[PDB]
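Report on the structure given below.
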Amino acid sequence: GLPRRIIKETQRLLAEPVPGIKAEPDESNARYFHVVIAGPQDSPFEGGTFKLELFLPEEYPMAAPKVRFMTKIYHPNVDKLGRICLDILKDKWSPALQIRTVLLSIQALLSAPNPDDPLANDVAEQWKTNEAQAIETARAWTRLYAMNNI
Amino acid sequence: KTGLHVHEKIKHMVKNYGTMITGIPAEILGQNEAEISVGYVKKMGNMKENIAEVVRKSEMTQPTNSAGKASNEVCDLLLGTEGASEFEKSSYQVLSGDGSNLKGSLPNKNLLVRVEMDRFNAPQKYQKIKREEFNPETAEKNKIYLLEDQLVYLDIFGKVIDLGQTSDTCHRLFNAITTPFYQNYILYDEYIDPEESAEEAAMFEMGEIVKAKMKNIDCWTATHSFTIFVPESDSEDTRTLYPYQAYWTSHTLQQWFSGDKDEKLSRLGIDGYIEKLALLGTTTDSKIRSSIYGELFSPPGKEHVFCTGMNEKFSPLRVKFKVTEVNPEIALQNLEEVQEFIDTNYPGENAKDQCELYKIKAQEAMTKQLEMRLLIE
Amino acid sequence: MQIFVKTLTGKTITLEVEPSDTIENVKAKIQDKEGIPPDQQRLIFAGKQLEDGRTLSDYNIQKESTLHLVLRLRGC
């Protein structure tokens with residue numbers, strides 16, 4: 001009972017993958033995607049492989065996909081559960097967007113982290129106040145969690 | 001007391017004081033900020049250390065980035081409280097394809113023009129429904145409703161708006177969309193090809209019909225607000241503009257002046273800044289409209305990454321304006337009045353030290369308010 | 001029904017709204033009252049963010065409730 005666009009989107013993702021992002025559907029759940037985003041260069045995550053799991057809900061595409069990191073990462077917009085604070089998965093998601101647009105954002109979010117509330121997130125306060133040492137933290141978490149984990 | 005006198009005065013006062021330009025005491029800031037931050041303080045152990053940590057990490061004295069609020073604060077200073085309230089009573093005037101209406105609304109006197117730009121919030125998805133099940137006082141709004149004998153638009157208020165389709169045309173589209181996943185689907189999905197199946201051709205035709213009728217319906221919502229200042233000069237072409245702005249989750253007015261973006265927008269000329277701003281409402285080019293929308297509204301420096309990817313402005317845009325003359329004898333009297341209130345309550349040699357004293361008092365009032373609130377366990 | 005909207009600076013305003021209206025309608029009335037664009041708004045109802053496409057009949061909101069309008073946002 002796969003909707004026709006989810007079928008069409010999967011074939012597009014496998015025919016021209018996003019450079020640096022591996023996205024494949026699960027063998028048993030065509031709405032479930034296993035994502036591996038490579039660490040961007042000129043960033044503390046460089047050389048790391050970060051696992052994500054994307055799930056297309058049933059309201060998709062009227063609702064945004066539910067994506068979340070599986071690898072531990074020190075990022076101001078990723079909490080301890082792996083939730084990515086992005087403007088798509090919250091309020092201003094539109095049907096014009098798609099899966100590749102979400103994957104491209106998360107990849108771009110690693111290179112250019114955004115400001116965030118320093119409360120309820122000591123990572124966000126550490127990035128705003130002590131950037132060089134917060135960047136040092138992210139390189140440690142990249143070797144401990146994002147290297148040789150695939 | 002020239003018009004560039006007051007422009008340079010607000011420029012240096014906003015650059016150096018930020019939230020202190022609003023005139024609100026530090027005690028009220030900390031008292032109300034404790035209302036938002038009370039849920040983050042830990043309840044076990046030393047409460048003095050738990051409250052201090054949340055107090056340190058609060059950005060309560062950081063200037064606002066609400067574009068509409070920065071435009072309100074600029075109007076209160078230049079025009080006065082009553083003059084700005086009278087200014088709000090006036091309505092906005094939409095810009096044309098060449099901005100000639102604003103070009104003629106700028107006589108060679110000191111002027112203040114507020115701009116309210118709207119984004120076209122056209123509906124993006126539909127629903128097949130029997131007329132028996134259609135209650136317009138409960139059904140989801142800003143949505144297209146395809147009935148067996150009428151295709152209609154529910155706006156953002158409650159009003160049902162017909163789309164001028166024959167009952168036979170609606171009967172054909174109603175009985176063509178048959179698969180269950182498409183009974184409540186989106187109007188313009190890029191992966192829907194009308195040449196594949198007869199069902200998808202009916203969906204695509206419905207999109208072309210809705211897209212045509214929406215052009216004559218008011219579907220705009222404000223997406224940005226800013227302010228432009230026009231000083232009185234000895235004419236010729238020594239006429240210059242200076243726009244003021246903040247932006248949601250982007251930059252503040254303090255960062256705007258500090259980055260001298262009001263001057264990169266200055267030498268663009270009177271007709272130059274206006275012609276490119278009218279341009280922004282005309283073009284349907286998607287990758288050639290975000291260039292402008294970033295060229296005028298980005299934080300200083302990032303005019304090339306502010307509208308890329310998903311922030312790429314797809315929807316149509318309109319701009320509106322309203323003008324009123326400013327009297328510098330009252331504007332500068334309002335500005336040096338805040339300087340007096342700042343230099344009295346929080347005096348200091350450096351303006352950077354006067355802000356530190358204001359932050360400490362706001363943090364003290366926030367602390368005392370927090371420990372009173374957290375006495376309930 | 002009358003509800004109240006407060007800011008950090010202590011400025012409280014009054015609105016005329018009813019349980020059937022949505023958040024976009026509430027933010028639209030705030031635009032006509034304070035000149036703030038809705039896209040530049042995100043209102044908290046007691047530690048609860050108010051999404052765009054939901055009505056007053058879905059957040060347990062009632063007559064005379066003080067809604068907290070924030071004017072500085074950092075992230076999401």
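Each chain of the structure tokens is named A, B, ... in the order shown, its residues numbered from 1; ligands are numbered from 1 in display order.
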- Task: Extract, using only C-alpha atoms, all DNA, RNA and protein residues at most 6 Å from range 17-19 of chain C, discarding same-chain residues fewer than 3 positions from it, and format them as a ChimeraX atom specification.
- Result: /C:1,56-57
Writer output for current selection, C-alpha atoms, as an mmCIF file, in the first residue's frame:
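again_38.cif, written as the output of this step:
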```cif
data_model
loop_
_atom_site.group_PDB
_atom_site.id
_atom_site.type_symbol
_atom_site.label_atom_id
_atom_site.label_comp_id
_atom_site.auth_asym_id
_atom_site.auth_seq_id
_atom_site.Cartn_x
_atom_site.Cartn_y
_atom_site.Cartn_z
ATOM 1 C CA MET C 1 -14.122 36.511 24.740
ATOM 2 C CA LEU C 56 -8.319 27.896 20.755
ATOM 3 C CA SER C 57 -10.663 24.886 21.130
#
```
- Identify all chain C residues at most 7 Å from chain A by counting only C-alpha atoms; ligands do not count. Present them as a PyMOL selection string. chain C and resi 51-52+74-76
Take the residues from that selection and write them out as a PDB file, in the first residue's frame, keeping C-alpha atoms.
```
ATOM      1  CA  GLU C  51       1.468  25.969  16.773  1.00  0.00           C
ATOM      2  CA  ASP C  52       0.223  27.766  13.698  1.00  0.00           C
ATOM      3  CA  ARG C  74      16.867  31.791  19.208  1.00  0.00           C
ATOM      4  CA  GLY C  75      16.599  28.559  17.233  1.00  0.00           C
ATOM      5  CA  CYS C  76      13.650  26.676  15.703  1.00  0.00           C
TER       6      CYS C  76
END
```
- Any idea what's packed within 8 Å of residue 44 in chain A, counting only C-alpha atoms, ignoring anything in its chain fewer than 3 positions away? Could you give it as a ChimeraX atom specification? /A:135-136,138-139,142
- Query: So, counting only C-alpha atoms, which residue among B:277, B:351, B:187, B:75 is closest to residue 326 in chain B?
  - Reply: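 Between B:277, B:351, B:187, B:75, the residue approaching residue 326 in chain B most closely is B:75.
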- Smallest atom-to-atom distance to residue 248 in chain B: which of C:26, C:46, C:36, C:15, using only C-alpha atoms? C:36
- Run DSSP on the backbone and grab whatever in chain C lands in alpha helix (DSSP H); send it over as a PyMOL selection string. chain C and resi 23-34
- Item | chain A contacts to chain B at 10 Å (only C-alpha atoms) as a ChimeraX atom specification | /A:1-9,58-62,87-88,92-98,101-102,104-105,108,114-120,122,125,129
- Message: Distance cut-off 6 Å, counting only C-alpha atoms - which residues of chain C neighbour chain B? Return them as a ChimeraX atom specification.
- Response: /C:8-9,35-37,39-40,71-74
- Query: With only C-alpha atoms as the atoms that count, which of B:346, B:273, B:174, B:134 lies nearest to residue 295 in chain B?
  - Reply: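 Looking only at the distances to residue 295 in chain B, the closest residue turns out to be B:273.
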- Message: Just list as JSON, numbers by chain whatever in range 21-52 of chain A DSSP marks as strand (DSSP E).
- Response: {"A": [21, 22, 23, 24, 25, 32, 33, 34, 35, 36, 37, 38, 49, 50, 51, 52]}
- Long-range neighbours of residue 46 in chain A as number ranges by chain, 10 Å cut-off, only C-alpha atoms, 6 positions minimum in chain: A: 38-40, 110-111, 138-139, 142-143, 146
- Can you work out which one of B:171, B:304, B:261, B:267 has the shortest atom-to-atom distance to residue 238 in chain B, counting only C-alpha atoms?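 Using only C-alpha atoms, the shortest distance to residue 238 in chain B belongs to B:267.
Note that the spacing between CA of residue 322 in chain B and CA of residue 92 in chain B amounts to 5.2 Å.
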